[PDB]
Number of protein chains: 2
Amino acid sequence: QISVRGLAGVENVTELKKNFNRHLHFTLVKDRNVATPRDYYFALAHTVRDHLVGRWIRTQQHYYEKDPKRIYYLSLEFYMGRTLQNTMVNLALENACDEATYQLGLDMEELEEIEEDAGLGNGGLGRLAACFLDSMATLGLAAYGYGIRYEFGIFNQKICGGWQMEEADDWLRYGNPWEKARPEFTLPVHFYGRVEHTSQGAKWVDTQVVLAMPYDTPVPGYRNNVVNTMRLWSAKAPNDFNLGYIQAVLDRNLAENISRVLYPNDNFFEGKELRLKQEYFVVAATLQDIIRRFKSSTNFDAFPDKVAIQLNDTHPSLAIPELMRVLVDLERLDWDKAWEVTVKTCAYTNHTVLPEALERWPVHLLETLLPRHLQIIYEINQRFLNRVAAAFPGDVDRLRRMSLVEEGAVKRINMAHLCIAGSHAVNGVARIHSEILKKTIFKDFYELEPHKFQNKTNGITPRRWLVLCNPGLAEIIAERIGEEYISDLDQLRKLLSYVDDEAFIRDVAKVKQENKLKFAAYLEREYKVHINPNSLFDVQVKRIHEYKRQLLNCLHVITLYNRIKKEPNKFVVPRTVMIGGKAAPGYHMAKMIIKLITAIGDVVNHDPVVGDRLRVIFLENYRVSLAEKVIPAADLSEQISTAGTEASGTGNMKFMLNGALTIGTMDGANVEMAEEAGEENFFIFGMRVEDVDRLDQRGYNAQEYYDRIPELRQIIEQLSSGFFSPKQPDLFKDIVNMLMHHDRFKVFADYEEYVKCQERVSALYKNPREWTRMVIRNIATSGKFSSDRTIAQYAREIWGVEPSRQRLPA
Amino acid sequence: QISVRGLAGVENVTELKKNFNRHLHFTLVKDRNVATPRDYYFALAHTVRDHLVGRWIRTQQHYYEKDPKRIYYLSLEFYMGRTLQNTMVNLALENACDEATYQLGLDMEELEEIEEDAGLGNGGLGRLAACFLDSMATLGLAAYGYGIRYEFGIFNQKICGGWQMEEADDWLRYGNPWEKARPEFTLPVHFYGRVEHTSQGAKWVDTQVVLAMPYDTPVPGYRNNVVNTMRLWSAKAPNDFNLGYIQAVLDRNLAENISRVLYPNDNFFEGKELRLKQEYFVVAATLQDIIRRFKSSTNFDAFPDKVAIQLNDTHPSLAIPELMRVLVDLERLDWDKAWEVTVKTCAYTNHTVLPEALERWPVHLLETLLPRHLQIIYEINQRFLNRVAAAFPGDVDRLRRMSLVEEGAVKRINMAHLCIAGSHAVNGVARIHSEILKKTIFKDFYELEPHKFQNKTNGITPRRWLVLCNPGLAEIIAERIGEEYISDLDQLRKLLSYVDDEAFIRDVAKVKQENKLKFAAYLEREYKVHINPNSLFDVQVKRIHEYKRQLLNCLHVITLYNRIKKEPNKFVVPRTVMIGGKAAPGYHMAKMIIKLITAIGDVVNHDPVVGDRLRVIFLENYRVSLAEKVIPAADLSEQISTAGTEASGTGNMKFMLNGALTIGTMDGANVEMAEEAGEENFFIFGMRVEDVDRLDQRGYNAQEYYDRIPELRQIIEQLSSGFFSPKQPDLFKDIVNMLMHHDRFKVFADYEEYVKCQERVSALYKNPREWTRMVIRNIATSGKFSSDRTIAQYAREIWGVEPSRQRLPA
Ligand SMILES: COP(=O)(N[C@@H]1O[C@H](CO)[C@@H](O)[C@H](O)[C@H]1O)OC
Ligand SMILES: COP(=O)(N[C@@H]1O[C@H](CO)[C@@H](O)[C@H](O)[C@H]1O)OC
Ligand SMILES: *Cc1c(COP(=O)(O)O)cnc(C)c1O
Ligand SMILES: *Cc1c(COP(=O)(O)O)cnc(C)c1O
């Protein structure tokens with residue numbers, strides 16, 4: 001149908017059809033008389049999978065032959081989403097499969113909807129790892145993603161009575177056609193035990209053993225025939241395990257629970273033992289795998305020249321002490337040599353400045369679970385502080401501040417400090433974030449080793465986030481500048497010469513309207529809800545957090561509602577406000593915010609006077625597959641976190657690439673997005689980081705705003721009086737109390753500027769032509785936000801490897 | 001190579017080879033540079049599996065088209081063993097695959113050794129179900145095997161320091177290529193809850209729900225293109241399950257533990273709740289599946305004409321109350337009509353008279369777990385006793401004896417009584433056993449309904465137990481009478497006309513010697529142990545039990561040892577005594593018997609004076625795959641249970657078919673085997689059932705034998721003094737104490753006759769020609785013991801269906 005989807009050659013379609021029928025018969029053991037859509041989905045998945053094998057096998061032996069420097073990306077999360085369409089796109093098989101299935105009397109689009117999302121992540125951090133894998137394969141890097149194969153990913157969210165209900169994400173129920181178990185490469189992981197000091201070195205003995213079984217998933221690059229590997233570990237109990245008899249076998253579940261479920265707290269620190277076990281589990285198995293591959297290609301001096309280990313936040317921070325343990329205790333290298341190798345091998349990426357997200361493990365936990373590692377950490381700390389003392393003689397408080405060991409109620413190990421000390425590079429994920437790291441949180445470390453600190457602004461893959469989810473937009477773009485931009489997003493800048501092209505302006509607007517119609521239909525089909533396709537689609541989708549300020553959005557919605565009720569017959573630009581996102585199961589306030597959103601909808605959506613001028617919808621179960629549907633349909637992207645709290649953000653980049661204008665604060669990557677597109681083409685409002693600091697020095701008093709802004713006062717009084725909860729008048733008391741007395745994120749402080757900025761958005765929207773021209777200016781300058789640019793920078797500035805665009809043989 | 005293994009046609013071998021390489025590449029994702037023997041095994045398994053699919057799909061739709069009466073064999077055990085060779089044999093692909101793999105430079109025999117045994121059974125009962133499935137498919141019956149897919153089958157046995165050690169049988173570790181998950185046919189199973197009595201019927205509410213997910217395994221008939229199904233259920237927790245968050249997800253294991261592990265007590269009753277849950281789990285899921293299939297082909301009057309349910313012992317006895325529950329509570333049939341349907345549908349097979357093997361469930365357990373079923377059982381009992389009272393007016397003790405409810409310390413439900421009341425047929429598994437059932441255990445029931453009682457002597461499949469494990473013997477037989485006997489074992493009688501044929505006599509002896517050499521080699525290769533191939537192979541393999549009397553065998557071995565030490569330079573027929581079998585994990589005495597066997601070996605195998613005239617070996621980890629190796633190599637089969645305790649035995653039949661002579665008591669099927677071959681061709685000894693009863697009436701006093709038999713006294717004194725345990729002098733005190741004061745199985749009573757009988761065995765062995773002629777007379781008359789004969793009798797006399805030999809289309 002469309003160009004960018006590849007060719008549908010006669011011999012290709014014929015081949016696909018026969019292989020489809022072959023899998024349906026021999027693999028699924030069914031025939032078209034009893035086959036259901038799910039059977040058809042699997043037949044298609046196995047057919048497409050077959051086309052990956054040849055490339056996967058030769059890519060890997062290619063690396064074995066050339067022995068390039070290998071990149072290991074360690075992460076506890078990989079938010080992959082669906083794999084079928086992405087694979088077809090990268091292999092240029094989409095139109096051929098579309099034709100083949102069509103000829104078989106099947107709609108490929110409905111078969112794709114059957115696949116379960118691989119939701120092995122919470123949100124931004126997990127999705128970043130996924131985009132990174134796609135870009136590393138596309139850039140021809142010998143990269144490996146290493147993580148945990150969770151039996152249960154992020155929970156599925158259901159809304160009952162306006163409240164969030166959680167249910168297990170049993171994503172492996174029907175099987176996973178994309179993975180390949182490699183039980184033959186199973187490795188042992190040790191826990192507990194004690195340390196023995198012999199004549200020659202320490203020994204970790206009397207340990208409990210848990211096996212790590214790897215499962216490999218292919219990661220195809222964009223049409224370059226490169227297929228890398230994502231290896232995820234699954235926990236298995238040994239067979240001598242617990243060896244009355246029956247109970248011993250049932251207790252095997254104790255050890256296998258390590259890979260059972262993903263913690264769903266959007267990575268806010270919860271010092272639970274199971275979480276620590278997961279972190280060591282991935283680190284221990286991965287490192288053995290890395291060393292094995294290194295020895296099978298003993299001077300470890302060349303180790304850093306053949307290996308790069310990237311720590312995705314501090315979750316895999318134990319890789320530092322574990323690498324030291326292996327080199328010193330097992331390989332017998334002297335400490336200083338082992339440390340040199342470790343530092344040159346490891347690099348650390350920080351993803352947030354929020355204090356409650358930083359990992360600070362109780363010493364007593366490490367002491368019991370990983371005795372040897374605690375000893376190694378103490379030694380690292382001693383030697384590190386000796387260096388600090390030599391550089392800043394007499395500065396005793398600096399020694400206390402920089403220590404890896406934190407004193408107080410209970411001793412804790414600051415994992416961020418451990419990562420900085422043991423890595424040759426430390427980076428933030430957006431310019432403003434990286435600067436904040438050097439000015440505040442890690443100031444002392446920056447002063448000691450300035451050369452270690454870098455910035456690597458985040459990005460998103462244009463394959464999944466443009467070509468896959470918005471073929472219509474990708475097509476009209478390709479018609480003008482070709483298809484080269486798909487792997488070189490900077491070429492989108494060529495579109496600036498079309499900002500005055502009436503034809504292009506019309507097509508851009510047409511694509512958006514089509515996406516909105518498609519989404520409006522979806523809302524009614526799988527969830528039943530009417531929405532005016534001719535209204536402005538105001539969208540805020542991301543995890544529910546106080547720092548992301550969904551509450552500020554709520555205040556604006558209520559303001560719009562009160563103004564309409566005030567002057568019913570006055571004209572206002574119609575809007576359908578959509579808010580979606582999951583709340584951590586034990587985050588009370590986050591759950592109350594979801595309830596408030598639905599409560600507002602209950603009132604607004606049923607007010608006769610409002611009509612179809614304002615609708616408020618809470619998008620249930622926000623996840624990667626849903627993002628692929630709602631983002632292309634958005635007109636306005638809400639990125640309104642308090643300045644200085646959102647390290648980068650990536651959803652913001654997805655909206656920019658898909659034709660939505662952005663209303664937001666100068667926070668995270670928003671700053672760079674506005675710089676690229678031009679401030680006049682962005683809806684910027686609110687306090688800047690400097691303003692937030694001034695307010696804190698003075699002392700934030702929410703009452704001041706309440707007393708000076710009549711419209712704000714009215715909203716609070718409505719919330720407090722039970723206007724949005726007639727049966728439970730004081731239902732939102734906690735929310736009001738927080739806003740009025742302990743709001744760490746200053747919602748009221750940005751209210752006035754936010755509402756005014758929103759008025760300007762509405763003004764531009766009623767002038768279709770100028771709205772679309774601004775959209776074109778945004779799409780045209782979104783090139784910097786391709787994860788291909790991000791990965792190329794990591795490769796050249798941190799890993800020491802040159803990216804390649806050269807395609808491999810088939 | 002050999003005839004009975006099929007043809008190796010050019011186009012077949014060529015096709016097999018390419019499909020093998022196809023699976024190695026696309027399915028296993030490997031290439032011959034990194035592939036290991038295990039990869040090769042899987043490539044071959046998938047290749048052979050492909051040839052089953054076509055037949056499997058058409059067999060099933062054939063039944064859907066013809067709508068024949070369906071046979072449902074319910075069992076908690078299916079001891080299948082390996083599937084690769086069996087599949088090739090039944091599809092006539094053995095030689096072709098042998099050639100194809102040969103041409104690829106691979107030895108098929110070593111690839112077959114890689115497959116794990118599907119050990120979903122304890123021993124005889126589980127293996128019988130497996131032989132039955134093979135025969136039902138071979139006889140063209142629309143039969144379905146229904147059971148549980150245990151994650152862990154019977155434990156693997158390791159011998160350490162002469163003691164049994166158990167380890168988890170993680171048979172699914174590397175995957176199971178033979179099964180096909182059918183998650184789409186998942187069904188709910190209810191537990192706990194309470195009963196509500198409404199205006200129209202009772203309702204079972206507030207239950208806990210566990211899902212039953214089926215996995216289908218194909219069961220090919222012998223070269224008739226029929227492929228039936230064995231459906232095994234796996235337990236899965238629902239997704240709303242337990243819905244802090246993390247713990248709720250981890251607690252899912254509580255519900256899934258139902259299908260986690262097979263109880264390894266060789267079916268001796270252990271009233272544990274988990275076991276009861278397993279029994280209801282299989283019954284509830286299976287019945288819903290049966291009714292669904294029945295409704296998709298509502299007068300249930302025809303239900304018995306389209307459905308037959310065979311209960312393999314009382315393990316699935318809840319099928320009776322469950323069928324009543326569904327018909328009465330859900331379908332709304334009146335009780336009497338529902339009962340008529342139930343009785344005509346169900347049939348019960350009893351497998352033992354031993355009291356500690358009978359299921360008697362505590363009422364309080366049923367009361368809590370299955371409230372509605374307990375009420376239905378009480379009603380069944382009331383109505384049944386009303387019938388007894390009418391038939392035997394005034395006989396109050398009969399009412400107490402026949403009640404389904406047993407009174408005493410704790411109320412219990414006798415499941416055997418429930419099965420008799422609710423089945424139209426009840427059978428024993430050997431003539432003597434069935435008679436014993438009518439004369440003792442079930443005498444009262446026989447008097448009330450004589451027409452219900454039948455006999456169905458057990459049998460074994462000649463495919464696995466002759467063609468597969470002993471190709472050499474199958475070949476020399478086929479050379480003389482053709483291959484028709486493989487599916488009509490009675491034709492072996494034609495071999496009687498060859499008992500005087502010098503050529504045949506030589507070949508039979510040659511095949512046995514070859515098998516012994518092959519096994520003798522195996523013993524040294526995987527377990528390292530020397531054995532004289534020219535000695536008599538005396539074998540007793542079966543589960544370790546006091547009733548099977550491995551202890552009697554031990555006394556004979558020690559007697560032989562003492563006689564040699566007595567007259568060192570006297571000639572004696574050389575023997576290598578082999579004993580193997582697993583002991584239930586909590587069966588102390590059984591574990592002490594294993595220790596005694598190894599202890600005797602430690603002394604005998606290292607006595608210079610004995611030399612190679614006597615060897616005692618304990619065969620570790622006895623299982624189906626090992627039986628296939630040792631049985632063809634045996635000369636003497638030990639079947640020495642106390643008369644009246646072994647219901648039938650099936651191992652005895654395997655030895656007879658493979659060229660071993662039998663020494664045994666007139667117990668179980670031994671009686672019929674001797675009748676078929678002729679008493680002069682069997683080594684019969686010991687008390688008959690009548691003799692055992694006379695002894696009990698008089699009172700068994702072991703001391704009497706000890707005082708009158710000098711050789712027996714010497715053995716006991718050696719055991720007691722620490723002769724076989726120098727470091728632990730009183731190690732075998734429990735054994736001696738038992739033999740001397742509380743031996744329920746009268747080991748001493750059969751000692752003298754046993755030793756004398758063994759002398760006659762040795763006498764015949766030193767006359768090779770006459771030994772082989774007697775062997776021929778045994779093989780020639782083993783036809784009655786084919787499970788094809790057994791199944792044909794069940795079909796005609798119980799299920800009401802006619803077996804067929806007609807082959808289906810390809
Ligand atoms: C500790 O992980 P987080 O998920 N951190 C997130 O990482 C994402 C990926 O770099 C950023 O785009 C987000 O702005 C940031 O909040 O903690 C909240
Ligand atoms: C309750 O099951 P069992 O395994 N019973 C066994 O069933 C087998 C199959 O019919 C018989 O050949 C055995 O002689 C008998 O002992 O109990 C010990
Ligand atoms: C891109 C993405 C995120 C990150 O969104 P932000 O607004 O940067 O927090 C979270 N969840 C999903 C499913 C995503 O696709
Ligand atoms: C045949 C078989 C049995 C039954 O043997 P008996 O001597 O009848 O108890 C037990 N275990 C295995 C593995 C078998 O093959």
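We name chains A, B, ... by the order of the sequence lines, and we start the count at 1 in each one. All values below were derived from every heavy atom in this structure, side-chain atoms included, with hydrogens, water molecules and symmetry-related copies excluded. Both counts, for ligands and for their atoms, begin at 1 and track the order of listing.
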Atom indices of ligand 1, in the order listed, that fall short of 4.0 Å to a heavy atom of A/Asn458:
9 (C), 10 (O), 12 (O)

Below 4.5 Å, heavy atoms only, C-beta onward: do B/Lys542 and B/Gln550 meet side chain to side chain?
yes

Around atom 2 (O) of ligand 1, find the nearest protein heavy atom and jot down its residue, atom name and distance.
A/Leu125 CD1, 3.4 Å

Which of these, A/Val630, A/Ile631, A/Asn658, A/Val624, sits in a side-chain contact (heavy atoms from CB on, under 4.5 Å) with A/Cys469?
A/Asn658

Criterion salt bridge (charged side-chain N to carboxylate O under 4.0 Å, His left out) on B/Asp134 and B/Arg464, from CA distance to verdict:
CA-CA 9 Å; B/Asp134 179 82; B/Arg464 179 174 300 270; over 6 Å; no

Proximity winner for atom 11 (C) of ligand 1, if only heavy atoms of A/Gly124, A/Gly649, A/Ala129 are counted:
A/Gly649

Could you please provide the protein residues found below 4.0 Å of ligand 3 on a heavy-atom basis, arranged by chain and number?
A/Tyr79, A/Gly123, A/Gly124, A/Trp465, A/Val541, A/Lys542, A/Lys548, A/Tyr622, A/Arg623, A/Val624, A/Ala627, A/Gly649, A/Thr650, A/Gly651, A/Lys654

How long is the gap from OG1 on B/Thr790 to CZ on B/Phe785, to the nearest 0.5 Å?
9.0 Å

Looking only at heavy atoms of A/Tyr547, does any of them come nearer than 4.0 Å to an atom of ligand 1?
yes

Heavy atoms only: which of A/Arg127, A/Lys456, A/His351 lies closest to atom 6 (C) of ligand 1?
A/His351

Rounded at 0.5 Å granularity, tell me how far CG in B/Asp538 sits from CD1 in B/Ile579.
8.0 Å

Within a distance under 4.0 Å of any heavy atom of A/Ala647, pick out the atoms of ligand 1 and give their elements.
14 (O)

Do B/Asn312 and B/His351 pair up side chain to side chain, a donor and an acceptor below 3.5 Å, judged on atom types alone?
yes

If you count the atoms of ligand 1 from 1 in the order shown, which ones are under 4.0 Å from a heavy atom of A/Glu646?
13 (C), 14 (O), 15 (C), 16 (O)

Walk me through it: do A/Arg431 and A/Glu435 pass the test salt bridge (charged side-chain N to carboxylate O under 4.0 Å, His left out)?
CA-CA 6 Å; A/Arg431 192 169 61 207; A/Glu435 286 302 306; over 6 Å; no

Please check if any side-chain donor atom of B/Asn267 sits under 3.5 Å from a side-chain acceptor atom of B/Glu77, or the reverse.
yes

A/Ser648 neighbourhood, listing ligand 1 atoms whose heavy-atom distance to it stays under 4.0 Å:
12 (O), 14 (O)

Okay, side chain of A/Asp117, backbone of A/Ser625: is any donor-acceptor separation there less than 3.5 Å?
yes

If we ignore angles and hydrogens, is there a donor and acceptor under 3.5 Å between the side chains of A/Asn265 and A/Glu270?
yes

